[PDB]
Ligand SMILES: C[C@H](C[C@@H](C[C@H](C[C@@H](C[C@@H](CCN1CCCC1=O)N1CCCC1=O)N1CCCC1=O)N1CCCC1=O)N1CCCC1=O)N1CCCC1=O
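Take a look at this one chain, the form deposited without the named molecule, written out in structure tokens.
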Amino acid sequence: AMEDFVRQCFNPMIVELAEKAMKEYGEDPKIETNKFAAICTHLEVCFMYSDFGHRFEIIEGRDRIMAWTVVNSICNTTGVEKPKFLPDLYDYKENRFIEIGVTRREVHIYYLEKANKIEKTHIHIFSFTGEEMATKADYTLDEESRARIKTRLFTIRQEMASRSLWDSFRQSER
């Protein structure tokens, strides 16, 4: 049901990407259906964000070799410190990496988790409630761009609840 929902309600390209991010590292998407669903959602957000500008480099959804190649190439030509972990985007207009959070919980809680896990990386957090949080409250995008994202997340939430899948999903976050 959760799997059916994922395959039915997300772009093939994204489902194909989500499944590799799992299947290389040994997780089965037929069993960790909620993680599957989550990874897809996070990918979709990253792509959506990436599209609404060529302002943004998409670093998520690549294999490790490509991502670090892309990160190194950005660091050689801009001078910006190289982060320890792969973030999700780079913003060529503000000249900072971005880490994208999607949370079923409250935004400040997921913000702190991420902020603690890392330093000059801009953090942006979306919830399924149309709530967002971002370092220095600098939300990077225009409101229209941030509304498409919020709608889309909320839509996913509402589709999940149609199929009685939201409650499971909500509770399987850290």
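When you see a residue number, it is the position in the sequence shown, counting from 1. Under this definition, the rigid core comprises the largest set of C-alpha atoms superposing within 1.5 Å between the forms.
K.L.:
Please classify the unmodelled stretch of the deposited sequence between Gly130 and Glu131: none, 1 to 3, 4 to 9, or 10 or more residues.
P.N.:
Unresolved stretch here: none.
K.L.:
What does the record say about the segment between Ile118 and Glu119: how many deposited residues are without coordinates (none, 1 to 3, 4 to 9, 10 or more)?
P.N.:
Missing in between: 1 to 3 residues.
K.L.:
Can you tell me whether 14 to 22 has a higher mean C-alpha B factor than 157 to 165 in this record, or the other way round?
P.N.:
It is 14 to 22 that shows the higher mean C-alpha B-factor.
K.L.:
As stated in the PDB record, which stretch has the larger average Cα B-factor, 98 to 106 or 78 to 86?
P.N.:
Here the higher of the two C-alpha B-factor means belongs to 78 to 86.
K.L.:
Take the CA temperature factors straight from the PDB entry and tell me which of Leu43, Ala147, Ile125, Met66 peaks.
P.N.:
That would be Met66, according to the entry.
K.L.:
Split into thirds by Cα B-factor across the chain's modelled residues, where does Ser172 land: lowest, middle or highest?
P.N.:
As the PDB entry reports it, the C-alpha B-factor of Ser172 lands in the middle third of its chain.
K.L.:
Classify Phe52 as lowest, middle or highest third according to the C-alpha B-factor given in the PDB entry, relative to its own chain.
P.N.:
For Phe52, whose C-alpha B-factor we compare with every modelled residue in the chain, the answer is the highest third.
Below: the form deposited with the named molecule bound, not depicted.
K.L.:
Considering the named molecule in the entry with it bound, which of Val107, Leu141, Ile58, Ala134 comes within 4.5 Å of it through any heavy atom?
P.N.:
Looking at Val107, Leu141, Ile58, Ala134 one by one, just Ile58 meets the 4.5 Å heavy-atom criterion.
K.L.:
Check for me whether the named molecule, as it appears in the entry with it bound, comes within 4.5 angstroms of all of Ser127, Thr151 and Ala161 - heavy atoms only.
P.N.:
None of them does, since no heavy atom lies within 4.5 Å of the partner.
K.L.:
Taking the named molecule as it sits in the entry with it bound, is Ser50 in contact with it (heavy atom to heavy atom, 4.5 Å or less)?
P.N.:
Answer yes; at least one heavy atom of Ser50 falls within 4.5 Å of the named molecule in the entry with it bound.
K.L.:
Answer yes if any heavy atom of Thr155 is within 4.5 Å of a heavy atom of the named molecule in the entry with it bound; otherwise answer no.
P.N.:
Looking in the entry with it bound, residue contacts with the named molecule do not include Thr155, since no heavy atom lies within 4.5 Å.
K.L.:
Do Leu165 and the named molecule share at least one heavy atom pair within 4.5 Å in the entry with it bound?
P.N.:
Contact check for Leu165: no, nothing within 4.5 Å of the named molecule in the entry with it bound.
K.L.:
Has the Cα of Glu24 moved 2 Å or more between the shown form and the other one, judged after a core fit?
P.N.:
The answer is yes, as the C-alpha of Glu24 shifts between the shown form and the other one by 2 Å or more after core alignment.
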